[PDB]
Amino acid sequence: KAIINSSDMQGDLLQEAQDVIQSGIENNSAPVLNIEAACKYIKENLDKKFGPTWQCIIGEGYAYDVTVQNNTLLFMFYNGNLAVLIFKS
Amino acid sequence: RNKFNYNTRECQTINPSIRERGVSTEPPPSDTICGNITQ
């Protein structure tokens, strides 16, 4: 249940980002899951796929303030209440 | 005189010109934003 909240990049990379966060959920889908392992997976996948200097962040209540390259930023929400930010720098 | 008179000849090669031209690259630009995290 992906709910995109703020988009900056191109729709293809949008789709692949959603697919990768999904695959991360399945890699870690259990009460013992940690968002950190899925974060590692998201960032490393987007590195080996669309280049380095990616950054994955997952949570539900927090406050970031980061610098991002244009057309390389996404933030979104899940019906499962997972707010997921990703960005390249 | 004894060997009969010789015959002049001519040959020259093709000589390209030397030009001095200099060009530039530039450091690509970058962006720096800041955003907050929503509920």
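As summarised from the PDB record, the model derives from cryo-EM at a stated resolution of 38 Å.

A word on the overall build of chain B
Secondary structure summary: chain B contains zero helices and zero strands in total. When its C-alpha atoms are laid out on the principal axes, chain B stretches across 110 × 15 × 10 Å.

So, the interface of chain B and chain A
Contacts between the two partners involve 11 residues from chain B, matched on the other side by 11 residues from chain A. Counted by class, the side of chain B that touches chain A contains four nonpolar, six polar and one charged residues.

Considering the pattern of salt bridges
All names here are of chain A. With the rule as written, the count across this model stands at one salt bridge over all chains. The partner of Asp47 in a salt bridge is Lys43, with the nearest N and O atoms 2.5 Å apart. Of this pair, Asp47 and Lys43 are both found in helix α2 (residues 35-50), four residues apart, which corresponds to roughly one turn of the helix. With relative accessibility at 19%, the residue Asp47 sits in the buried group.

Describing unusual backbone geometry
Not every positive phi belongs to a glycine, and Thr53(A) is a case in point at roughly 60°. Taking the relative accessible area as the measure of exposure, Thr53(A) reaches 34% and is therefore partly exposed.

Observations regarding the packing of aromatic side chains
Residues and elements named next belong to chain A. Counted according to the given criterion, the structure contains three aromatic pairs over all chains. Summarising the aromatic geometry, the rings of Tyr62 and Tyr64 are spaced 5.7 Å apart at their centres and angled 45° between planes, so their arrangement reads as tilted. Exposure remark for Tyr62: the relative accessible area of 24% places this residue in the partly exposed category. The exposure class assigned to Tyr64 is buried, which follows from its relative accessible area of 13%. A ring pair is formed by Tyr64 and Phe75, whose centres lie 5.6 Å apart and whose planes are at 80°; its orientation type is edge-to-face. Of this pair, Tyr64 sits in the loop between β2 (54-59) and β3 (73-78) while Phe75 sits in strand β3, placing them 11 residues apart in sequence.

Conventions used here
For every chain, the first residue of the written sequence is numbered 1, i.e. counting runs from 1 onward, and this need not coincide with the entry's numbering; residues without coordinates are not included. Working convention: letters from A go to chains and numbers from 1 go to ligands, in the order in which they are written. Taken together, the chains in view make up part of a larger assembly, and the values describe this part alone. Hydrogen atoms and water are omitted, and side-chain values are computed over all heavy atoms in the structure. Residues with missing side-chain atoms are left out of burial classes, side-chain pairs and their counts. The secondary structure listing takes helices from DSSP runs of H or I that are at least 4 residues long and strands from runs of E that are at least 2 residues long, numbered from the N terminus. Whether two residues are in contact is decided by their heavy atoms, any of which lying within 4.5 Å being enough. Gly falls in the polar group here, along with every residue not listed as nonpolar (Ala, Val, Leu, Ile, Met, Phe, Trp, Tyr, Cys, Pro) or charged (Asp, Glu, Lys, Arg). A carboxyl oxygen of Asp or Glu within 4 Å of a side-chain nitrogen of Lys or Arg is what we treat as a salt bridge. Think of it in three bands: with a 1.4 Å probe and only protein chains considered, a residue is buried below 20% of the maximum accessible area for its type, exposed above 50%, and partly exposed in between. Between the rings of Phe, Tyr and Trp (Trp by its six-membered ring), a pair exists once the centres lie within 6.5 Å; its type follows the angle of the planes, with under 30 degrees stacked, over 60 edge-to-face, and the other angles tilted.

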